[PDB]
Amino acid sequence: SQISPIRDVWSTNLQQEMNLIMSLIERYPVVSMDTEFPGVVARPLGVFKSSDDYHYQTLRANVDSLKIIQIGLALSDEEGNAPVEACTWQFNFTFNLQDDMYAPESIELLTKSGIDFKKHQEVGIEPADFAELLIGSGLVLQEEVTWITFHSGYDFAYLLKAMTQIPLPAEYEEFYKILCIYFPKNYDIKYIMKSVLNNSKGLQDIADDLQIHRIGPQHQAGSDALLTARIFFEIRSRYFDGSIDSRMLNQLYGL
């Protein structure tokens, strides 16, 4: 194939690329997702309702405060085939190294991983513009579409933040309720692999183990989302004989 496996999206081609995605989603209704963001800059203080509560209050504090940098969406059909048009889309969001908050370590990691911060400052997408398109796209609010993620608390929180444009709910129970309306059918591969199957490996280590090859750069959301899709179908085949167990629906790792 002579076209790009990873389609990059900027403010200049947002509408075109969303139009392409909208035209494909009915035929390729399995969406795998990842996000990149500027890390964690703080831990909230006090003592907490649990341990997951502490995890949720950490997430909420940082996701509310730190701007999204990339979202990766990889479409597949129900047997794992990607559209020939694109193995994955990578949405690149507006960010300003001089003005915005971030963990310096994360910016360095993203830079080494290939993020063009100057270009994100110049033609990065506004999350709000993306969110209007995403909500009307057919990908969310639809039981017909399955979302696939990995260790997904922050990743899903960033998408909910984009769509709602307001601070996240104060308690996990409320976050979970609203999340399951926008993403009514989702699987977290980390929950499946570690919490159910007692395999603690990370995304890349699972792919290496299963001999699944990565296309694109590690630690970029497009490539990470595509690897997520490929691991999902291989796990479904190897440990679920083709049919994922319904007890794993909508369970997020660590929350």
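One rule holds for the numbers: they count along the sequence shown, beginning at 1.
Chemist: Going by the mean C-alpha B-factor recorded in the entry, which is higher: 140-148 or 115-123?
Modeler: Going by the record's values, the stretch with the higher mean is 115-123.
Chemist: Read off the CA B-factors in the entry, average them over 216-224 and over 41-49, and name the higher stretch.
Modeler: Taking the mean C-alpha B-factor of 216-224 and of 41-49, the larger value falls to 41-49.
Chemist: Using the entry's values, work out which of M33, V30, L210, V63 has the largest Cα B factor.
Modeler: Going by the entry's C-alpha B-factors, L210 comes out highest.
Chemist: Report the option among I71, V84, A131, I107 whose CA atom has the maximum B-factor in the deposited record.
Modeler: When the deposited C-alpha B-factors of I71, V84, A131, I107 are compared, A131 is largest.
Chemist: Compare the C-alpha B factor of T88 with those of the other modelled residues in its chain, then answer lowest, middle or highest third.
Modeler: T88: CA B-factor falls in the lowest third of its chain.
Chemist: Would you please rank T12 by its C-alpha temperature factor against the other modelled residues of its chain and give the third it falls in: lowest, middle or highest?
Modeler: Tercile = highest for this residue's CA B-factor.
Chemist: Please rank the C-alpha B-factors of the chain's modelled residues and tell me whether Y172 sits in the lowest, middle or highest third.
Modeler: Ranked within chain, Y172 CA B lands in the highest tercile.
Chemist: Based on the entry's values, in what third of the chain does the Cα temperature factor of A162 lie: lowest, middle or highest?
Modeler: Ranked within chain, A162 CA B lands in the highest tercile.
Chemist: Can you work out whether the C-alpha temperature factor of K194 puts it in the lowest, middle or highest third of the chain?
Modeler: Within its chain, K194 is a middle-third residue by C-alpha B-factor, going by the deposited values.
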